Amino acid sequence: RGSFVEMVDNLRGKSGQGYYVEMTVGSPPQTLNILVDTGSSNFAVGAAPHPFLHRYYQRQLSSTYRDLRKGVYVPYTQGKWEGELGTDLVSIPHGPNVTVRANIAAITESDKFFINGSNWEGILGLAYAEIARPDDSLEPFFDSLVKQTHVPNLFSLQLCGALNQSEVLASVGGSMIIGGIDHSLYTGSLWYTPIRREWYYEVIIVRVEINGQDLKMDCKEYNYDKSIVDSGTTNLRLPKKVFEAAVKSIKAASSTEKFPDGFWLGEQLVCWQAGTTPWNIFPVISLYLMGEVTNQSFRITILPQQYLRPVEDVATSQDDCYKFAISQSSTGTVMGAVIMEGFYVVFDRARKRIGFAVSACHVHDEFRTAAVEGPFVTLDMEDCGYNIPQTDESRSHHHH
Ligand SMILES: NC1=N[C@@]2(CO1)c1cc(-c3cncc(Cl)c3)ccc1O[C@H]1COCC[C@@H]12
Ligand code: NI
């Protein structure tokens, strides 16, 4: 292999509203646009009319649909989705030339799940069974794909971030390569960090720098209470203490400009006149990730072109306006699109590792580029992993 032409450019989306892939469900195939989400583990599709859906999965139209006679209820921070579990035939038209029988959660009711204008009608959870709902016995899509076909246990993502239009958000594109690595999608070295545990795609950050300046924190703070690689999150999200330190450093480096507090909170845009954005006043951010070798790390470095998100405003379309896309977390580090848009990211499930290489499509300028660099060696490395306190709820679970 080394080339997967038919799968290149199979992702679409609107800036800040997630990347989706075309999928078909049922016999005959019903086409739906599905959010590619490495931060969840259910395949769930709209299956009833909704204000924001132009279309939905029609179970009755599918000769191959089977009801599992079990419901599912998924609450979260922003809202909830719920529905009926079943199985049906699933394919990815611009993916591998295979059809599989997968679990599908047919979403019958939801609150603040679907997004007006996003153009997606469902979610493809690509993480592991451990975080599937209602429980880990509901096989995720990718597990079924690998078990039922000869597709190698690996996928890779090239998310290409963003203007033509003032009335709508900017269109984005990218590639999901299932079963391999496409060498046309990256340049330079591909560096791997271990998947610490197979639930989320959990990784370990050992060091953080802002414009070459070490944040000098106990490295467990970087992974408190976890660090994950998540295509279903827009922002780089950082643990409270890390967020505060990072913002302070970025503020100081960019101090020639005085932005409102709303900007640093991601609640307000800042603008410059077309093409005059002073990129050079904003620092690079480096995350050092644990290497496959003990005592080694490598760094991924992103630019303000990644963490400042373009939003073309109607009232001031002569200007280039940006949202600050680094935000606070209380559930650990989330390396979302802000990180992933810099890189070609290889989810090597077979070898329990995640690969990063400089993306052939990343946004940069003539002075700086997103980078992937290593090795960095450290004498006698402290364990940077955090151990989440075990609740009685969690401890009570039997795993046969
Ligand atoms: N990983 C991740 N997936 C989550 C939350 O975190 C998600 C994301 C979006 C979503 C909305 N707008 C833009 C993007 Cl990139 C994603 C919309 C719904 C949505 O549902 C959440 C359901 O619970 C699992 C995690 C899901
Ligand atoms: Ni038991």
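Counting from 1, the numbers follow the sequence of the chain as shown. Values reported hereafter were calculated over all heavy atoms of this structure, with side chains retained and with hydrogens, waters and symmetry mates removed.
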So, does [X] use its side chain to make a donor-acceptor pair with the main chain of [Y] at under 3.5 Å?
X    : Y    : answer
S41  : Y128 : yes
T233 : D230 : no
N42  : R133 : yes

Where do [X] and [Y] come nearest, in terms of heavy atoms and distance?
X    : Y    : answer
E84  : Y65  : CG-OH, 4.5 Å
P260 : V270 : CD-CG1, 4.2 Å
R59  : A47  : NH1-O, 4.1 Å
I178 : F142 : CG2-CE1, 3.8 Å
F113 : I107 : CE2-CD1, 3.6 Å
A170 : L163 : CB-CD2, 3.8 Å

If you define the side chain from C-beta out and look only at heavy atoms, does anything of [X] sit under 4.5 Å from [Y]?
X    : Y    : answer
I339 : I302 : yes
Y192 : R351 : no
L68  : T87  : yes
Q305 : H364 : no
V36  : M23  : no
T378 : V206 : no
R55  : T31  : yes
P375 : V293 : no

Under 3.5 Å, is there a donor on one side chain and an acceptor on the other for [X] and [Y]?
X    : Y    : answer
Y57  : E121 : no
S317 : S166 : no
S91  : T24  : yes

Can a salt bridge be assigned to the pair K70 and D67 using a cut-off of 4.0 Å between side-chain N and carboxylate O?
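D67 and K70: not salt-bridged.
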Check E341 with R309, please: is the shortest side-chain N to carboxylate O separation under 4.0 Å?
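Result for this pair is yes, salt bridge flagged.
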Rounded to the nearest 0.5 Å, what separation is found between the [atom1] atom of [X] and the [atom2] atom of [Y]?
X    : Y    : atom1 : atom2 : value
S62  : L89  : OG    : CG    : 7.0 Å
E198 : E130 : CD    : CD    : 10.0 Å
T277 : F282 : OG1   : CZ    : 8.5 Å
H183 : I181 : NE2   : CD1   : 5.5 Å
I204 : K220 : CD1   : NZ    : 9.5 Å
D348 : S156 : CG    : OG    : 10.0 Å

May I ask whether [X] and [Y] are part of the same hydrophobic cluster, defined by side-chain heavy atoms of I, L, V, M, F, W, Y residues being less than 4.5 angstrom apart, directly or through others?
X    : Y    : answer
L138 : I34  : no
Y224 : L236 : no
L159 : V338 : yes
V151 : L157 : yes
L308 : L303 : no

Should we say atom [atom1] of [X] is surrounded by more than 12 heavy atoms from elsewhere, each under 6.0 Å from it?
X    : atom1 : answer
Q390 : CD    : yes
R69  : CZ    : no
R101 : CZ    : yes
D135 : CG    : yes
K14  : NZ    : yes
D218 : CG    : yes
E167 : CD    : no
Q318 : CD    : no

Relative to each other, are the rings of [X] and [Y] parallel, tilted or perpendicular (30° and 60° limits)?
X    : Y    : result
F155 : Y201 : perpendicular
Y322 : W272 : tilted
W264 : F259 : perpendicular

Mind running side-chain contact (heavy atoms from CB on, under 4.5 Å) on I300 and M335 for me, showing each step along the way?
CA-CA 11 Å; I300 62 180; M335 295 169 45; 3.6 Å; yes
Intermediate values then yes/no, side-chain hydrogen bond (donor to acceptor under 3.5 Å, both in side chains), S231 and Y19:
CA-CA 8 Å; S231 65; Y19 291 80; over 6 Å; no
Show me the donor-acceptor pairs, under 3.5 Å and distance only, between side chains in residues 73-82 and residues at least two apart or in other chains.
residue, atom, partner, partner atom, Å
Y76, OH, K112, O, 2.9
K80, NZ, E82, OE1, 3.4

Derivation of the side-chain contact (heavy atoms from CB on, under 4.5 Å) call for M290 and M381:
CA-CA 10 Å; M290 186 186 284; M381 185 76 89; 5.8 Å; no
Quickly, which of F376, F356, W191 forms a ring pair (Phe, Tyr, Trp, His ring centres under 6.0 Å) with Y288? Name it, please.
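Only one option passes, and that is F376.
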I92 vs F141, side-chain contact (heavy atoms from CB on, under 4.5 Å): CA-CA, chis, key distance, verdict:
CA-CA 12 Å; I92 305 164; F141 171 82; 3.9 Å; yes
Using side-chain contact (heavy atoms from CB on, under 4.5 Å), reason through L289 and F298 one step at a time and then give a plain yes or no.
CA-CA 6 Å; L289 306 177; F298 64 97; 3.8 Å; yes
Let's go through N119 and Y20 carefully: what are the C-alpha distance in whole Å and the side-chain angles of both, what is the deciding distance for side-chain hydrogen bond (donor to acceptor under 3.5 Å, both in side chains) to 0.1 Å, and is it a yes or a no?
CA-CA 8 Å; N119 211 35; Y20 62 79; 3.0 Å; yes
Decide ring pair (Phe, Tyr, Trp, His ring centres under 6.0 Å) for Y186 and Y344; before the verdict, give the C-alpha distance in whole Å, the side-chain angles of both, and the deciding distance to 0.1 Å.
CA-CA 6 Å; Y186 71 99; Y344 186 40; 5.7 Å; yes
